[PDB]
Amino acid sequence: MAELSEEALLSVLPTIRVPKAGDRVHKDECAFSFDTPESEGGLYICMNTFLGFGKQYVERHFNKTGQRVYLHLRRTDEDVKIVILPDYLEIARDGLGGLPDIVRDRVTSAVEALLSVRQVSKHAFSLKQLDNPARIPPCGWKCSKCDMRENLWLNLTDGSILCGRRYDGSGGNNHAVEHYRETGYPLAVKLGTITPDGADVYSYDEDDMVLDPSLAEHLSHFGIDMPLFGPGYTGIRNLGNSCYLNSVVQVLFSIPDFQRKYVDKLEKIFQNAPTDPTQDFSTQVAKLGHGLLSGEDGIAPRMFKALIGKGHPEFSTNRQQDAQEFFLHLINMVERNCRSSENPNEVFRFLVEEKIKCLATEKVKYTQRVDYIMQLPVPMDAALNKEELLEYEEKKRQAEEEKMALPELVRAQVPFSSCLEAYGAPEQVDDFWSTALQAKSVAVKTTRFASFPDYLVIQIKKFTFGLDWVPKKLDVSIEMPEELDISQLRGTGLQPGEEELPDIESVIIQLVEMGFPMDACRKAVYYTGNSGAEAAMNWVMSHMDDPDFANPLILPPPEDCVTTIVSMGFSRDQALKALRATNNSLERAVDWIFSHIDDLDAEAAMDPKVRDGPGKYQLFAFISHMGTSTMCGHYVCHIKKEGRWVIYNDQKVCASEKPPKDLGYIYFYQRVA
Amino acid sequence: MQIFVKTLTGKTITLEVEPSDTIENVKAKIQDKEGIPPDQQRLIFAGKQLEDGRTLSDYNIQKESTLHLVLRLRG
Ligand SMILES: [Zn+2]
């Protein structure tokens, strides 16, 4: 005698919450997968938390949470039904007959709450476009008047870029329309809608979206013109300027250590996930990796992008971003979530040996630090085609002024051997305090590897400052080797024979009277050990010009915070220290302990883990920034898989035979066996 | 204390700093020496971006550390 629908429904009624205005209802995509109402099997919406789950995953929420009642959606035109677990009883929206009214009213109230031609412009042919227009860039526009960065109209008469209209509360600061009002210039185009196929053209005059057959030419006025499959060959949908994320993420998941942490171990991860898994780092990263290394038109990683960008000034927006910045951001995010567990960052991490030498005394100091990316200098003076480039720049200057077709592109051809040299070369440093000399002098700084990583990450420093401090991309050609021997670059530490650079009242009134500064005068009595006026006079005379640090004299917490830190994998004592160092600020305290633990462990030892190996590499992958601008561009990556090179351009994944390994930006070198 | 900043020339400079100095302070100390506007500075230490409103002591930046300046290639 089986359990009736009504019985089961009445029994978990209290777990039916009805959503409100300020409520996220995850109705469009599954928490654990990329399943959608459009997937066969549909989407199950927990009617308690409003979270969504595909058919293979609902059972996870059931078991973890107790929730039996789900609103099941299937789009193909949408078909909705209530389903109770574990036996999958179905009740339709109109299956509530005979139940008490107050339950019918609760159930439908909840369900309803969960489910919440252009003509040509009269002015297209008559349009006067003003002379000497500005050169409008491909991205990153702002309203010429306020600050707004979305919703901007380009007026086709004068090149002005101004924000849209307000009403409701959403929109712009009305700058664009007031500009039309003042001028009469009828047409504007919505910046960012400009594809090869058309744009959104608005007519202030006709109060309408309109067509403009001459758009190409009107935009041209402003200098605007309009295969692999299977596991490990997934494309990533553009989410609007997400190419940088796509490119990084594609390389990460080609690296076995990241595969083992987040993809091989996804079951364990899904199991250990909290109630809302959409908000869980490990889950989201795992979900992304799985969707790339199995079978799946590509994937749209909205959920991941939303989470790893949360609270970030750049990665929470939808504008164009730097690949290295994203990479380090995700790396440090992995670091935060992998303290005392499997840490895939270990594959990148290495030790830099920094050496100072006081040139005058020949005395040395060796310092040491962790890093993830080696920054490769690009010494322009090494360019092999200085003159071939100067004829190019002349021809381009000429072609711009005449508004003709630009010449075929030429880049400064810089040897890699030169970059590597520049990395290694000893470097002169001025205004250096030598504790040996006790005088400002000049040091010789050198950088070496105290450790070579399993995968070496290289950033080509292909940028510099131009005039008026505008950043210039160095559009340069550097053939990065398929084979890298970086062993000559291993640090050797302090050596025998090498000497180390050293480190660390009635008198005061009499000296300040004489004309010596109070600060020097204080340090004088202290460092002569109170031996009377004479000895202190002698000291200020030697040492008054010294920098402060050369002769220094030093002259309640919350429990919700503590537990948050300890949950990241630290002790209570460690958490307290961090907060007490960071004036009780959570974010800073977290920065504190991570940067301080390695030192705190050495006080524990008083009573950072890196993988070493040969510095002998093979090119594995590179991320390429395309364009001439610092401010706009497109990112793609090339990855060597199964012996053969592959380009991943957002949605498009193709075998490439001729990888442009000389135009890349961030390079990934895998260590040889 | 003394620290080092590698600039985008290649040139390494020294700065007089205290552990309690903010990043924007260090940024300002860079303008003072090099002329580089603080709004154009992005500083990297030990594989980590340094954010405004944090001190050098939050990152455990000690005497004679090397910080690196970088620029964005937006795309
Ligand atoms: Zn505006």
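Residues numbered from 1 in each chain as written, not as in the entry; some residues may be left out. Chains lettered and ligands numbered in written order. Heavy atoms only, no water. Residues with missing side-chain atoms left out of burial classes, pairs and counts.

As summarised from the PDB record, the model derives from X-ray crystallography at a stated resolution of 2.80 Å.

Comments concerning the overall build of chain B
Looking only at helices and strands, chain B features one helix and five strands. Relative to its length of 75 residues, chain B is compact, with a C-alpha radius of gyration of 11 Å against a globular reference of 11 Å. Reported as C-alpha extents along the three principal axes, the dimensions of chain B are approximately 35 × 25 × 20 Å. Buried positions account for 61% of the 75 residues belonging to chain B. A separation of at least 24 residues holds for 51% of the contacts in chain B among residues at least 6 apart in sequence. Only carbon and sulfur atoms are counted for the fraction: they give 44% of the accessible area of chain B, which is about 2600 Å². (Helix = DSSP H or I, 4+ residues; strand = E, 2+ residues; numbered from the N terminus. Rg over C-alpha atoms; globule rule 2.2 N^0.38 Å. Buried < 20%, exposed > 50% of the residue type's maximum accessible area, 1.4 Å probe, protein only. Contact = heavy atoms within 4.5 Å. Areas by Shrake-Rupley, 256 points an atom, 1.4 Å probe, with all protein chains shown as cover.)

Digging into the pattern of salt bridges
Following the criterion strictly, the structure yields 37 salt bridges over all chains and no others. The partner of A:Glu325 in a salt bridge is B:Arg72, and the shortest N-O contact between them spans 2.8 Å. Residue A:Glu325 is found in helix α11 (residues 323–336), and its partner B:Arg72 is found in the segment after β5 (66–69); the two belong to separate chains. Using a relative accessible area of 5% as the deciding quantity, one classes A:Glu325 as buried. In this structure, A:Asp591 engages B:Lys48 in a salt bridge whose closest nitrogen and oxygen atoms are separated by 2.7 Å. Separated into two different chains, A:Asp591 in helix α19 (residues 586–604) and B:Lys48 in strand β4 (residues 48–49) make up a pair that spans both. (Salt bridge = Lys/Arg side-chain N within 4 Å of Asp/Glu carboxyl O.)

Quick look at the coordination of the zinc ion
Taken together, the protein donors to the zinc ion comprise A:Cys143 (SG), A:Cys146 (SG), A:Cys163 (SG) and A:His175 (ND1), at separations of 2.0 to 2.8 Å. Here A:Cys143 falls in the buried class, since its relative accessible area comes to 3%. (Donors = N, O, S within 2.8 Å, 3.2 Å for Na, K, Ca; no water.)

Some thoughts on the nonpolar core
Residue and element names in this part refer to chain A. One finds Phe327, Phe348 and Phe668 to be the most contacted residues of the largest nonpolar core, which totals 98 residues. With eight residues, the top contributor of residues to this core is α11. If you count residues domain by domain, this core takes at least three from each of domain 1 (1–116) and domain 3 (227–501 + 614–673). Not counting the four nearest positions on each side in its chain, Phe348 is found in contact with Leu252, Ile255, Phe258, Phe327, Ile331, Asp371, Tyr372, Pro453, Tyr455, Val457 and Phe668. By size, the runner-up hydrophobic cluster in this structure holds 32 residues, among which are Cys419, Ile460, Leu474 and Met480. (Core = buried A, V, L, I, M, F, W, Y, C linked by side-chain atoms within 4.5 Å. Domains from an automatic or database assignment.)

Let's talk about α19(A)
In the structure, α19(A) departs most strongly from a straight axis at A:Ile597, where the bend amounts to approximately 50°. Three or more residues of α19(A) are buried, namely A:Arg588, A:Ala589, A:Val590, A:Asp591, A:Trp592, A:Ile593, A:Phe594, A:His596, A:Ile597 and A:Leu600. Where α19(A) is buried, its residues touch α11, α17 (559–566) and α18 (572–581) of chain A together with β4 of chain B. (Bend = angle between axes of the 7 residues up to and from the residue.)

Quick word on the state of the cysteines
Two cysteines whose sulfur atoms are joined by a covalent bond form what is called a disulfide. Residues and elements named next belong to chain A. Under the defined criterion, the tally for this structure stands at one disulfide over all chains. Two residues share a disulfide in this structure: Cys139 and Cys632, whose sulfurs sit 2.0 Å from each other. Between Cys139 and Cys632 the disulfide shows an S-S torsion of about -100°. By sign, it is left-handed. When its relative accessible area of 5% is taken as the criterion, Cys632 is described as buried. (Disulfide = S-S within 2.5 Å.)

Points about the domain arrangement of chain A
Assigned domains of chain A: these are domain 1 (1–116), domain 2 (117–226), domain 3 (227–501 + 614–673), domain 4 (505–551) and domain 5 (556–607). Each of domain 2 of chain A and domain 4 of chain A has a C-alpha centre, and the two are 70 Å apart.

Re the UniProt feature "disulfide bond" in chain A
Of the disulfides listed in UniProt, the one joining A:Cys139 and A:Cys632 is reproduced in the coordinates: its sulfurs are separated by 2.0 Å, less than 2.5 Å. Residue classification places A:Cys139 among the buried positions, given a relative accessible area of 10%. (UniProt positions renumbered as here; feature names shortened; annotations may be inferred.)

What about the sheet that holds strand β2 (residues 12–16) of chain B?
Residues and elements named next belong to chain B. If you walk across this open sheet you meet the five strands as β2-β1-β5-β3-β4, and the pairing is mixed. A single partner strand is all that each edge strand has here, and the edge strands are β2 and β4. Relative to β5, strand β1 (residues 2–6) runs parallel, the two being bridged by three bridges. Considered in β5, the bridge of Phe4 is made with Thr66. Where helix α1 (residues 23–34) meets the sheet, its contacts fall on β1, β2, β3 (43–45) and β5, and the angle it forms with β2 comes to roughly 120°. (Pairing = 2+ DSSP bridges. Axes fitted to C-alpha atoms, helices over the stretch in contact; angles between N-to-C directions.)

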